[PDB]
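**Q** Take a look at the following structure, please.
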Amino acid sequence: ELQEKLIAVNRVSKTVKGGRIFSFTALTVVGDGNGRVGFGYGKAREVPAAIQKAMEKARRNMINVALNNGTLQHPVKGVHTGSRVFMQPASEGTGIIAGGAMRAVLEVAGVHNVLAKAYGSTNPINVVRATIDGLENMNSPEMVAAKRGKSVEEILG
RNA sequence: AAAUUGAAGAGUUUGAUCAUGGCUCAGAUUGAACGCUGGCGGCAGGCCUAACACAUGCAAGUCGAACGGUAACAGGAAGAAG
């Protein structure tokens with residue numbers, strides 16, 4: 001159904017011979033609510049054009065991650081530039097406890113219950129990339145049963 | 001059976017960026033103090049400072065079934081005044 005979220009709107013400037021020229025960047029996320037997450041980074045001279053750029057960039061580059069009934073599979077460490085995200089699956093209930101950008105990514109991802117923490121720089125673009133890296137780093141019991149070459153019950157016990 | 005189901009960030013260095021890195025904020029608490037305000041009840045608490053100096057009153061007595069006794073009080077026995 002492709003629900004959409006706007007995370008950050010930044011104003012950046014490029015200096016020229018006349019003076020400063022200001023443009024606006026938008027960081028967005030889209031998601032199915034079931035597994036599929038995508039993030040977009042648009043840049044335009046005025047704001048809603050940058051929002052529309054970020055949305056049509058985010059809708060293309062979406063990756064699907066695996067997740068249980070509303071939860072993760074294991075603890076997983078996502079990393080990026082200055083961001084050292086750590087997300088732990090949850091018990092049921094308790095909502096998404098996560099800060100800001102990571103909260104928006106996990107909410108469009110369909111992750112209902114999570115315990116998350118950001119380390120290092122909490123810059124929004126880099127923590128969105130660290131979050132989605134930790135999400136696509138995650139692996140399922142059926143795929144780790146496909147790897148090690150045995151049924152899932154012999155792994156879980 | 002149960003004995004715990006646990007983890008949020010933001011602002012500020014720049015023309016703008018990303019890092020590093022301080023500073024500050026959002027919470028909970030207290031033997032609290034002060035300012036404005038003030039209906040009641042329950043249960044707790046109340047010199048953190050001068051281990052400074054203390055007026056006044058009380059805070060350790062009991063036992064006659066240990067004893068000599070007998071000041072009180074209470075009767076007794078007697079002698080009396082009526």
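FYI, nothing fancy with the structure tokens labels: chains A, B, ... in order, residues from 1 per chain, ligands from 1 as they appear.
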Write out as a PyMOL selection string all residues of chain A that backbone DSSP assigns to strand (DSSP E).
**A** chain A and resi 3-15+20-31+36-44+62-64+76-77+86-88+96-97+114-117
**Q** Check the DSSP output for the backbone and give back, as a CSV table (one decimal) with N, CA, C and O atoms, in the first residue's frame, the residues of stretch 62-129 of chain A in helix (DSSP H, G or I).
**A**
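Dumped to states11.csv:
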chain,number,residue,atom,x,y,z
A,101,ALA,N,14.9,8.9,13.4
A,101,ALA,CA,15.1,8.3,12.0
A,101,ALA,C,14.9,6.8,12.0
A,101,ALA,O,14.2,6.3,11.2
A,102,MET,N,15.5,6.2,13.0
A,102,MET,CA,15.4,4.7,13.1
A,102,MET,C,14.0,4.3,13.4
A,102,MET,O,13.6,3.2,13.0
A,103,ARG,N,13.3,5.1,14.2
A,103,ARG,CA,11.9,4.9,14.5
A,103,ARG,C,11.1,4.9,13.2
A,103,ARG,O,10.2,4.0,13.0
A,104,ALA,N,11.3,5.9,12.4
A,104,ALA,CA,10.5,6.0,11.1
A,104,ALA,C,10.8,4.8,10.2
A,104,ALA,O,9.9,4.3,9.5
A,105,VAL,N,12.1,4.4,10.1
A,105,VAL,CA,12.5,3.3,9.3
A,105,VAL,C,11.9,2.0,9.7
A,105,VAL,O,11.3,1.2,9.0
A,106,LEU,N,11.9,1.7,11.1
A,106,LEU,CA,11.3,0.5,11.6
A,106,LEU,C,9.8,0.5,11.6
A,106,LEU,O,9.2,-0.5,11.6
A,107,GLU,N,9.2,1.7,11.5
A,107,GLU,CA,7.7,1.8,11.5
A,107,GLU,C,7.2,1.5,10.1
A,107,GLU,O,6.2,0.9,9.9
A,108,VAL,N,7.9,2.0,9.0
A,108,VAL,CA,7.5,1.7,7.7
A,108,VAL,C,7.9,0.3,7.3
A,108,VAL,O,7.4,-0.3,6.4
A,124,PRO,N,21.0,11.8,10.6
A,124,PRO,CA,19.8,11.0,10.1
A,124,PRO,C,20.0,10.1,8.9
A,124,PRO,O,19.6,9.0,8.9
A,125,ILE,N,20.8,10.6,7.9
A,125,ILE,CA,21.0,9.8,6.7
A,125,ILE,C,21.9,8.6,7.0
A,125,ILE,O,21.6,7.5,6.6
A,126,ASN,N,22.9,8.8,7.9
A,126,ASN,CA,23.8,7.7,8.2
A,126,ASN,C,23.2,6.7,9.1
A,126,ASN,O,23.4,5.5,9.0
A,127,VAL,N,22.3,7.1,10.0
A,127,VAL,CA,21.6,6.1,10.8
A,127,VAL,C,20.5,5.4,10.1
A,127,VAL,O,20.1,4.3,10.4
A,128,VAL,N,19.9,6.0,9.1
A,128,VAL,CA,19.0,5.3,8.2
A,128,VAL,C,19.7,4.3,7.4
A,128,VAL,O,19.2,3.1,7.3
A,129,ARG,N,20.9,4.6,6.9
A,129,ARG,CA,21.6,3.6,6.2
A,129,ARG,C,22.2,2.5,7.1
A,129,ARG,O,22.2,1.3,6.7
**Q** Can you build me a table of chain B residues sitting at most 6 Å from chain A, with the closest atom pair per residue and its distance in Å to one decimal, using only C-alpha atoms (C1' of nucleotides), sorted by chain and residue number, as JSON lines?
**A**
{"residue": "B:5", "atom": "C1'", "partner": "A:91", "partner_atom": "CA", "distance": 5.6}
{"residue": "B:8", "atom": "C1'", "partner": "A:99", "partner_atom": "CA", "distance": 3.9}
{"residue": "B:9", "atom": "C1'", "partner": "A:99", "partner_atom": "CA", "distance": 5.5}
{"residue": "B:16", "atom": "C1'", "partner": "A:13", "partner_atom": "CA", "distance": 4.7}
**Q** Could you pull the residues within 12 Å of residue A:48, counting only C-alpha atoms (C1' of nucleotides), minus those fewer than 6 positions along the same chain, as a list in words?
**A** residues 6, 9, 23, 24, 25, 26, 42, 54 and 55 of chain A
**Q** Tell me, as a PDB file with C-alpha atoms (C1' of nucleotides), in the first residue's frame, which residues lie within 12 Å of residue B:25, counting only C-alpha atoms (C1' of nucleotides); anything in the same chain fewer than 2 positions away does not count.
**A**
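Final file, around-v5.pdb:
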ATOM      1  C1'   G B   9      17.200  11.270  21.572  1.00  0.00           C
ATOM      2  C1'   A B  10      17.805  16.847  20.570  1.00  0.00           C
ATOM      3  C1'   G B  11      20.282  21.765  20.256  1.00  0.00           C
ATOM      4  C1'   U B  12      24.955  24.182  19.558  1.00  0.00           C
ATOM      5  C1'   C B  23      28.810  22.186  26.683  1.00  0.00           C
ATOM      6  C1'   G B  27      13.592  11.525  33.105  1.00  0.00           C
TER       7        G B  27
END
**Q** In Å, how far is it from atom CA of residue A:137 to atom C1' of residue B:17?
**A**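 Result for atom CA of residue A:137 versus atom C1' of residue B:17: 28.3 Å, one decimal.
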